[PDB]
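Give the three-dimensional model of this entry:
(2 chains, ligands or ions: 4)
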Protein chains: 2
Amino acid sequence: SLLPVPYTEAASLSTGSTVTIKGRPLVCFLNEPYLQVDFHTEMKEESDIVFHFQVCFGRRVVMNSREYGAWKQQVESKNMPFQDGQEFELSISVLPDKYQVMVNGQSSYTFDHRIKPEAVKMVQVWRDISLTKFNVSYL
Amino acid sequence: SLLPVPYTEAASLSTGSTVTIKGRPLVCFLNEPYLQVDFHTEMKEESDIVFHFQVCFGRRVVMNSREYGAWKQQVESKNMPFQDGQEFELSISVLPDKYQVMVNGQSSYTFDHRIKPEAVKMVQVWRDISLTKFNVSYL
Ligand SMILES: OC[C@H]1O[C@@H](O)[C@H](O)[C@H](O)[C@@H]1O
Ligand SMILES: OC[C@H]1O[C@@H](O)[C@H](O)[C@H](O)[C@@H]1O
Ligand SMILES: OC[C@H]1O[C@@H](O)[C@H](O)[C@H](O)[C@@H]1O
Ligand SMILES: OC[C@H]1O[C@@H](O)[C@H](O)[C@H](O)[C@@H]1O
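Residues are numbered from 1 along each chain as shown, chains lettered A, B, ... in the order given. Ligands and ions are numbered 1, 2, ... in the order given. Please see the structure below:
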């Protein structure tokens, strides 16, 4: 059954951590639903963001950090492996130098560490999705 | 108590119709929650949009139409009467030539009719809000 959205979970990340999310957009891509995943430095939603991942389904992905309350330099990708109307599996792996983002088992986005992943205390998953699965694992 | 979000209601609009919404953003403005209100030509969410109203709380408002599946020329306002953390009352009045948008009883946005308001069959209210009230009335 469905997890509450927004979904907030305490987390610790290091090299070899994976965050796995299964959900589905609430509406068709023509209506531009969003998905956002934020790796926060505190449990509080207003805390700094080590890794901001925002999908505008059918359009683009932006990634950023929010440091001392201020947004930094946006990275943009037009890569769109998400399929209109379908369930997705998103997995975000912590590599030594970067986050690796897989969608449905395909390498789709990377983002170099601006802040050590050890600074993360919380993950929030929110915007226009239903969520069936959220897991933090380690290998 | 809370109405389901996304919230979809069949509606007929003409000169003197008002759409009144009461809700609150799910999260602080620093996190840029959205509100969207769409006046659709059919019950189907993929149908054309006579009036698209999208708030990025703390940042801006965009208004548009979506005609034969294609988005038209965006109108942008930096007007932001919405208050961080607070309940809002949004009312959208159908005037002869335009929609008048009031926030907490203050005139905030207008948008000239591109399509007669009689073409509207459905209103959808969605994105990062909780909704306590939705009413269509006439004077
Ligand atoms: O560049 C500033 C903007 O960066 C984007 O990546 C964020 O999603 C926010 O919209 C922010 O305001
Ligand atoms: O985000 C940058 C790049 O990351 C890689 O991991 C992906 O395989 C795509 O090639 C993408 O363009
Ligand atoms: O100009 C095209 C864009 O217009 C905006 O007003 C809509 O919200 C959509 O994002 C659309 O894709
Ligand atoms: O949207 C255009 C204008 O609409 C009026 O109704 C409002 O009072 C604001 O002056 C706004 O700038």
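
Return the residues in contact with the closest residue to residue A:99 other than its chain neighbours.
Closest residue to residue A:99 apart from its sequence neighbours, by CB to CB, 6 or more residues apart in numbering or on different chains: residue A:111 at 4.8 Å. Backbone N, C-alpha and C define where each C-beta goes, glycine included. Contact analysis of residue A:111 by CB atoms under 8 Å, 6 or more residues apart in numbering or on different chains lists A:51, A:53, A:63, A:75, A:98-99, A:101.

what's the answer for residue A:47, then?
A:40-41, A:121-122.

Kindly write the ChimeraX command that selects the buried subset of the contacts of residue A:111.
The ChimeraX command for the buried members of those (criterion: 16 or more other CB atoms under 10 Å in any protein chain shown) is given here:
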select /A:51,53,63,99,101
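
For the residue nearest to the spatial centre of chain A, give the beta-bridge partners.
Compute the mean C-alpha point of chain A, and by CA atoms, centre = their mean the closest residue is residue A:37, 3.0 Å away. Residue A:37 has these beta-bridge partners by DSSP bridges: residue A:53, residue A:125.

measure it to ligand 4 for me?
Residue A:37 sits 34 Å away from ligand 4, going by CB to the nearest ligand atom, to the nearest Å.

is it true that that residue touches residue A:92?
Yes: the pair residue A:37 / residue A:92 is scored as a contact, 6.9 Å apart, by CB atoms under 8 Å.

Quick check: neighbours shared by these two?
Both residue A:37 and residue A:92 are in contact with A:19, A:51, A:53, where contact means CB under 8 Å, 6+ apart.

For the second one, list the residues it contacts.
Shown here is residue A:51, whose contacts under the criterion CB under 8 Å, 6+ apart are A:37-39, A:63, A:65, A:92, A:99, A:111, A:120.
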